[PDB]
2 protein chains.
Amino acid sequence: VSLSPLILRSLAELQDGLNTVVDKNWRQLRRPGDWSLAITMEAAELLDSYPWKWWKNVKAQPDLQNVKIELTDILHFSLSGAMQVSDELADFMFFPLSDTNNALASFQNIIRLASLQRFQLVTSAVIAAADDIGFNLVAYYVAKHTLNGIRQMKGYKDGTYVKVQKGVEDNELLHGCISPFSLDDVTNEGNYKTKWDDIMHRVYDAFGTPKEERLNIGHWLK
Amino acid sequence: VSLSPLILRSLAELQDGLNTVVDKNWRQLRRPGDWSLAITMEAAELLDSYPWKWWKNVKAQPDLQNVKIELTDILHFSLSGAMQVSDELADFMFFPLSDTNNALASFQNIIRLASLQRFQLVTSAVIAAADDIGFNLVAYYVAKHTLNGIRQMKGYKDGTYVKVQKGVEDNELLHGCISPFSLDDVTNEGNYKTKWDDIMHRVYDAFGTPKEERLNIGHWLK
Ligand SMILES: O=c1ccn([C@H]2C[C@H](O)[C@@H](COP(=O)(O)O)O2)c(=O)[nH]1
Ligand SMILES: O=c1ccn([C@H]2C[C@H](O)[C@@H](COP(=O)(O)O)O2)c(=O)[nH]1
Ligand SMILES: [Mg+2]
Ligand SMILES: [Mg+2]
Ligand SMILES: [Mg+2]
Ligand SMILES: [Mg+2]
Ligand SMILES: [Mg+2]
Ligand SMILES: [Mg+2]
């Protein structure tokens, strides 16, 4: 249903920090329609994790691990949209999402909500989806946030980064960085920041980031 | 603005024939929401032909030739949707489409129209876009229709087809199959069918289709 407001605020802080790595003055440069488009396009990636096409590889299997990654990407963009516009559940999300027909309908409705700039509702939708599917959305967020920062360090913005190397997409390495961590670990009121820092360092390890280039949890929090 | 109704009807006939190659009973198996999803996903391909991302290869150039292909793909799906539901312009398309901001807005609005199952309006939008950009939509349709059929012959539906070979995407070969043909050639009331047949054989040539496997224009027309 919902995250603790203190956890949500820390996620928002991380998101602002990441947006600032991309551009120092992102709050002036970006507009709500940018985040609508970004969510639309991640939702298309999410939809394409399923075998929806009736004319192309009809017996393909759903990439349910990639679903987690794309929902996490949507979260980054819905947090970002919410920092620019206030929006001023059971209608548009259909459970269980393990049913492919429910997933295709629900994730198409995320596109509609994005186009209406209902970013907070999109955030609520992703939280509800992670609860239904049963994955650790907060831990996924911290891990992908870290990979996002790594990508920026390694030339994503100037077109020199390569996402798939030796048969492995960078995103795939995140699953094992996160699996040691429980839901309680990453939402505990007193100790969550240390566990987020642990996730970050596991991701930096996975990409061989030199120690001097690593940004710890405190870099991101206000 | 609009095509001749006789030209539109022949396109619809070709579309029905192609849909029948994919599945004999497509008219029972498919539902309007399928075509909405298909158009959404082609519109995402269309949007991704532009350098819209502010965090990833920011100085990339638009793939304006691929725009033509993706609009043509949308047409196939909007024709198909219109065969299942009646819908029972200047608001949602913004010219010139050579302006990237106009294109991103317009093509996002195609997604909205698709989700509303306004398939005839989507068709009108594609016709208007081709008129504005200045490409031969009918010739593009016939060429991609032919490649679509070829793909089905070569295992697209069972996952054995390879779209990009030796650095060239199959779609790229279509441009040169079409460039000899004028707008008048492919819409002339008396002779258009022969010119469509010519396009088809040029596409079969490009993919080395044995003569016995080729389907001529008459296969597709009622
Ligand atoms: O201003 C931005 C731009 C991008 N992203 C992140 C969010 C997603 O997790 C990720 C998606 O990158 P792609 O793989 O689509 O390129 O980018 C941000 O957080 N802020
Ligand atoms: O029932 C169908 C399914 C697919 N297509 C065609 C339309 C598009 O031109 C093409 C897109 O194929 P992809 O490259 O997305 O897979 O498929 C049809 O015409 N009818
Ligand atoms: Mg993406
Ligand atoms: Mg992806
Ligand atoms: Mg993604
Ligand atoms: Mg496609
Ligand atoms: Mg394409
Ligand atoms: Mg396409």
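The figures that follow rest on heavy atoms only: side chains count, while hydrogens, waters and symmetry mates do not. Protein chains get the first letters and strands the later ones, always in sequence-line order, with residue 1 at the start of each.
- For chain A, the option among B:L37, B:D48, B:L104 with the highest count of heavy-atom pairs below 4.5 Å is B:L37.
- B:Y156 and A:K56 are linked by a side-chain donor-acceptor pair at a separation below 3.5 angstrom, with hydrogens and angles left out of the test.
- Taking the six-membered ring for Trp and thresholds of 30 and 60 degrees, B:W52 and B:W55 have ring planes more than 60 degrees apart, a perpendicular arrangement.
- When the candidates A:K59, A:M41, A:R151 are compared by the number of heavy-atom contacts under 4.5 Å with chain B, A:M41 comes out ahead.
- When the shell of 6.0 Å around NZ of B:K53 is examined, it contains more than 12 heavy atoms from other residues, nucleotides or ligands.
- At least one side-chain heavy atom of A:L47 sits less than 4.5 Å from a side-chain heavy atom of A:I111.
- Heavy-atom distances place the side chain of B:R30, and not its backbone, under 4.5 Å from chain A.
- B:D23 touches chain A through its side chain: at least one heavy atom from C-beta onward sits under 4.5 Å away, while N, CA, C and O do not.
- Using a 4.5 Å cut-off between heavy atoms, B:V58 contacts chain A through both its backbone and its side chain.
- Of the two parts of B:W26, neither the backbone nor the side chain holds a non-hydrogen atom closer than 4.5 Å to a non-hydrogen atom of chain A.
- If you measure heavy-atom distances from B:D34 to chain A, the contacts under 4.5 Å come from both the backbone and the side chain.
- Side chain of A:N148 to main chain of A:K144: a donor-acceptor pair is present (N/O by atom type, distance under 3.5 Å, no hydrogens or angles).
- Using a 4.5 Å cut-off between heavy atoms, B:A38 contacts chain A through both its backbone and its side chain.
- When each of A:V67, A:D73, A:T72 is paired with A:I69, the side-chain contact (heavy atoms from CB on, under 4.5 Å) condition holds for A:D73 and for no other.
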